[PDB]
Amino acid sequence: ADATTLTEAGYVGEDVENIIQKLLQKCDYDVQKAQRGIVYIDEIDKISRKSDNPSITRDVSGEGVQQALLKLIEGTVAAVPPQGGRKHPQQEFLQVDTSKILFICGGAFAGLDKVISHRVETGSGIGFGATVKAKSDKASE
Amino acid sequence: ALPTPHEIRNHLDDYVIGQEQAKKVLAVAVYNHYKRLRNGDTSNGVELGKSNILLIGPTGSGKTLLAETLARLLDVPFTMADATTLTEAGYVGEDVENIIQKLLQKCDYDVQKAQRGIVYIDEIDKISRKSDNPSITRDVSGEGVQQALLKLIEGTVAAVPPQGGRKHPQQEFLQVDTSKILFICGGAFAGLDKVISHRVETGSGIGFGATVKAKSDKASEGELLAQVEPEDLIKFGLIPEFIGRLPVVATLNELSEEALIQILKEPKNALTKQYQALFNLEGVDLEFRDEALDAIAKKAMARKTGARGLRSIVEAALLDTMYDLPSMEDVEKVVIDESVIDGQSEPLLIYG
Amino acid sequence: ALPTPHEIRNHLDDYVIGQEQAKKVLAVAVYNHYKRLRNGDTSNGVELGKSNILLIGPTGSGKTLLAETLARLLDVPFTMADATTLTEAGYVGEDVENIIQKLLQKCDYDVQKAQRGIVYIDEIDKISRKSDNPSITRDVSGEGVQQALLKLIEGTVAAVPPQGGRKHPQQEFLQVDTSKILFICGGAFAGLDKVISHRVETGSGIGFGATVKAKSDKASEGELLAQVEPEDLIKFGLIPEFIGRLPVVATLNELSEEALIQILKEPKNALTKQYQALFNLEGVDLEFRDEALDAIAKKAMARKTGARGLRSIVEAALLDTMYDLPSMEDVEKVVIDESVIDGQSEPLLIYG
Amino acid sequence: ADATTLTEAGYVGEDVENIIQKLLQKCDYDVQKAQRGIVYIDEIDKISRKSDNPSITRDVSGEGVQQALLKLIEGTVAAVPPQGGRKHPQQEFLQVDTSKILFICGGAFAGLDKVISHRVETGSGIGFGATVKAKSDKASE
Amino acid sequence: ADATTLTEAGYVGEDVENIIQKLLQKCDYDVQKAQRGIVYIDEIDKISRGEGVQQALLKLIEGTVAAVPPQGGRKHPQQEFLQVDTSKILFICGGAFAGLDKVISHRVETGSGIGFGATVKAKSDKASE
Ligand SMILES: Nc1ncnc2c1ncn2[C@@H]1O[C@H](COP(=O)(O)OP(=O)(O)OP(O)(O)=S)[C@@H](O)[C@H]1O
Ligand SMILES: Nc1ncnc2c1ncn2[C@@H]1O[C@H](COP(=O)(O)OP(=O)(O)O)[C@@H](O)[C@H]1O
Ligand SMILES: [Mg+2]
């Protein structure tokens, strides 16, 4: 899955809970196999929290999406309708625990180098005995 | 029968001490407000006007406490807010219509009864302009908030979203009228005394021919605030159109060491009674000697913490006993004195 | 038959005292507007066009009061708006088209009635450029509001929800043309006198050849406002395109002591009449001596808050009285005189 | 139409494509007639990107409207509501090309004279070699 | 929660109530259980100097009623919104005041830090701290 597509529940974008349902589709909706499955949330950095914008009605993507994903890591059974259940509820709600499901989040955190450097960069001195750092060997990601 | 000012003042006296003048203004205003609501039919041609209150007093003088002590008896919906949070419309901070939203929560989102409610606005001092501002920056936290409140206080229909929503082209709005909704803006106008001190004793000239007959006198900040006039607020930074919406002004004097001692035992919800009841349920009586109360007040004044600091002082003094009292046995009563405050002697424990 | 301007002024002067010039413009505009509605056929080759009004005046001068009094006799729907709430399109603040929605609510969402309705936009001075013509950052709450209103005042096909957004699907936004909708903007332009003074005054210099002007012989606020011109408003912050939509400008002078005295008793809903009825239900009569009213007018002028200052003076005088009045027995009448205004004396209490 | 109400797509304010919607109403939602329609975008001078503004901010009210209108003036297919009823279930996007529609934009540019004067005069200064006119001999607006 | 997250100063009301909403998730969205919950904060020294941020924070500690949606959902009306009083919730505002130790030494110990007689024993032991 990709965090970019994911949005807060009840919105036009997507719902985070369908990730468990997508995993079940691979193993034909069996909880035993699903529990041992692995999840890969690509582009995790794209859902980084952002400040509120007056023009935008609400920030559906951001910390709100991170809370739904965090709930699965804490460990919670997720209700999934099997065999593509009809709109009628019928109380199927297959419970799949998320404590044993491996969660992997892989994203390219562009710009993180800037904040990290500000914290671990000693700086360049000015005196004769100081250490001068040229831009060539300054640092790298 | 509508409660008379004496009855309302008695309730305020139980929880608030040293603000006799403030209680009268709020008590009569609440009584007059009920009369206006009671006279809501208004068979006579005359239309009863609305007068708002402006509580100006130092921090820790019980300005907020007066508002909280009214919700207990107040029949109409009452709520509290903060002016600092409010901001001009069209900005990311906030909007002034949220004040009605908070009031709507208490009234079960019923606009009919909400129109007869009372509102309180805290920290209004932060909204004042500092000085000589060209306004090119388009100040939002300050002057912008005042301009929006003008119509609100005098009375205008306001579009309030249902809940947890921001203004947008959507039709999720509730038309609420603030004509009959009272407003009590309370803030600590720090520095206003200097403005009043200037006008009263500005003097004229410095040289030999000058008139320096006026002599600066040492007066308490509360005493000086009584001489405040609208002209002083204009210099502080408040728009003249805003004061007109608040005709009634009441000032609260600063608390004294003697008053702090009274606050420890006289109030119905006194701090001392809270710890006593905490121990009474366990089965061990608690008593505080007057020797400790005097020392407790001195510590607060010494540290300038005020009435709020009283909680911290009591916590430290009883920290040792509270930790050991539940585990300990055969403790019928505990006696505290001034020796406990300084820490030289542990609180006396009585054994049964 | 349509009411003549004199008849309209008769109703307006009942509640407004001293605003002779304002009443004439409003009465003539209202009378002319009715003629245009009666001329809906428009058989004449020329098509009649509306002229807008701009009511300038200090605080407590009767700007907002005139709008409320006019609605009492307006056959067409009338609504009041707040410029502060309005913001540029695409922002959290309310849009300018919402004003048309409020008018529609009054006439049962009837586009025909709304098209011939009257609109009032209070606090129009708030939406003004803050003396920064470039406007580095978009002033959505300021200059942006004016731009949105530029085409609305002259006429635009506004889009609004059909009936308070019953269901968002199939909106079918109603089309309303504001070409024939009269607009009456009003606000207190604080600081405009400084602009007009610079242009009219000769100026001042420091050298031998310059002309020195004494502080005593200087133009007053009322005097400068009478000489207001469109060029002056442009410097204040308004856009030139905006004034063009408001050809008629009617300024309001500051209320004098004589006018303030009349306001206390002459209008239908005065301060004295308000408190008089307030006490009548309680069973005690209220009598205000003529000398006392004159003293209140002088004290109010010092407050610089306009007519609203009178309410503060009366409340302070009767603050203690109202606090103890209900508990008292058989108080048949109360008398207030000049001795009570300054505070040296206490109001007299007559016992039956 | 007025450019003031228009804003960049994806925001609460009305989109630029709504202009075509207004044109369609005049011809009773006739796509053929709409292609031959004429438009008058008044207040075009108000939608102007502020050259002096914070760099990291999106001027949806300004430049955003200009950018979106680029394809609308040159010619492009724009999706609009189906009809006055605004049927939501039915797709009925009524694709209309804007390649044969004339757009007569108009606005009163305030302050443009001050910009033109900078290029035309080229003589402002304080020294002997500068040109001083006293505003009496300066060119008019 | 962290003070740096809430230093935005824009619509602070929605984030302060968002904290209890996060707490409500753990307690099965039970108002009574949420009131008994313990909330923690850290890095309070950073906001001390935004002054405005402190104005909003004190209200949460003093006690305030915050409306929250009922266990998420697609949408819900103002009536269904759950309101939890924060007066019964325990708030712990943690922090690390590195520079405060110097202020205390100035007030309690000698007010000399540069001269010959001053104490500049910055050995990094920090035992006296
Ligand atoms: N000419 C007047 N005649 C009678 N009462 C008046 C008059 N002017 C003011 N008042 C009283 O003062 C109150 C406030 O007057 P307003 O017209 O609302 O002042 P204002 O022009 O709105 O000032 P702004 O708009 O806040 S700057 C009215 O409700 C009346 O009670
Ligand atoms: N007479 C009093 N009796 C009891 N508490 C008081 C009294 N006066 C002030 N207080 C204390 O003051 C606090 C409220 O004041 P506060 O909210 O700080 O006012 P403001 O916010 O307007 O400065 C309460 O915690 C209350 O205990
Ligand atoms: Mg007004």
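Residues numbered from 1 in each chain as written, not as in the entry; some residues may be left out. Chains lettered and ligands numbered in written order. Part of a larger assembly, values for the part shown. Heavy atoms only, no water.

The record lists cryo-EM as the method behind this PDB entry and 2.57 Å as its resolution.

Chemist: Give me the lowdown on the side chain of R129 of chain C, citing residues and values where you can.
Modeler: Residue and element names in this part refer to chain C. Position of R129 among the secondary structure elements: in the loop between β3 (118–122) and α6 (143–154). One buried charged residue, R129, forms no salt bridge at all, with the nearest opposite charge on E143 at 4.1 Å. Separated by 2.9 Å, the side chain of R129 and the backbone oxygen of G237 make a polar contact. Excluding residues that lie within four positions of it along the chain, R129 makes contacts with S135, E143, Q146, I234, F236, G237, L238 and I239. (Helix = DSSP H or I, 4+ residues; strand = E, 2+ residues; numbered from the N terminus. Buried < 20%, exposed > 50% of the residue type's maximum accessible area, 1.4 Å probe, protein only. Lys, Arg positive; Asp, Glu negative; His and termini not counted. Salt bridge = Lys/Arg side-chain N within 4 Å of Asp/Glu carboxyl O. Polar contact = N/O pair within 3.5 Å; in protein donor to acceptor, adjacent residues only side chain to side chain. Contact = heavy atoms within 4.5 Å.)

Chemist: For unusual backbone geometry, give the residues involved together with the corresponding values.
Modeler: All names here are of chain B. Unusually for a residue other than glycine, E123 sits at a positive phi of about 55°. Looking at the element boundaries, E123 is found in the loop between β3 (118–122) and α6 (140–154). Under the relative-accessibility criterion, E123 is labelled partly exposed at 21%. With phi around 75°, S135 is a residue other than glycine that occupies positive phi space. The residue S135 is located in the loop between β3 and α6 in this model.

Chemist: Describe the pattern of salt bridges, naming the residues involved and giving the relevant values.
Modeler: All told, the structure shown has 35 salt bridges over all chains when counted by the stated rule. Note that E8 of chain A is salt-bridged to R58 of chain A, the shortest N-O span being 3.9 Å. Of this pair, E8 of chain A sits in the segment before α1 (18–26) while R58 of chain A is found in the loop between β1 (38–42) and α3 (63–74), placing the two residues 50 residues apart along the sequence. For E8 of chain A, a relative accessible area of 17% gives the class buried. Here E14 of chain D ties to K22 of chain D by a salt bridge, and the two come within 3.5 Å at their closest N and O atoms. Residue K22 of chain D is classed as partly exposed on the basis of its relative accessible area of 26%. By sharing partners, the salt bridges in this structure join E154, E241 and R245 of chain B together with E123, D125, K126 and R308 of chain C into a single network.

Chemist: Got a sec to walk through the relation of the copies chain B and chain C? Specific residues and values, please.
Modeler: For the pair chain B and chain C, the superposition axis carries a translation of 6.0 Å, the fit reaches an RMSD of 2.6 Å, and the rotation angle comes to 60°. Looking at the interface residues of chain B, only 4% of them are also at the interface in chain C, so each copy uses its own face. (Least-squares fit on C-alpha atoms.)

Chemist: Break down the packing of helix α11 (residues 257–265) of chain B against helix α13 (residues 290–303) of chain B for me, citing the residues and quoting the values.
Modeler: Residues and elements named next belong to chain B. The contact between α11 and α13 brings their axes to 9 Å, and the two run at 125°. Looking at the two axes, α11 sits oblique to α13. Of the two possible hands of crossing, α11 and α13 adopt the one that is right-handed. In this structure, α11 uses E257, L260, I261, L264 and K265 to contact α13, whose residues at the interface are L293, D294, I296, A297, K298 and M301. (Axes fitted to C-alpha atoms, helices over the stretch in contact; angles between N-to-C directions. Parallel < 35°, antiparallel > 145°, perpendicular 65-115°, else oblique. Left-handed = near helix turned anticlockwise from the far one by under 90°.)

Chemist: Lay out the sheet that holds strand β10 (residues 348–351) of chain C with the relevant residues and their values.
Modeler: All names here are of chain C. Read from one edge to the other, the open sheet built from 3 strands follows the order β8-β9-β10, with strand pairing classed as mixed. Bordering the open sheet on either side are β8 (285–288) and β10, each of which pairs with just one other strand. When strand polarity is set aside, the average angle formed by the axes of neighbouring strands in this sheet is 20°. One ladder, built from 4 bridges, connects strand β9 (residues 331–336) with β10; its direction is antiparallel. If you follow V335 over to β10, its bridge partner there is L348. (Pairing = 2+ DSSP bridges.)

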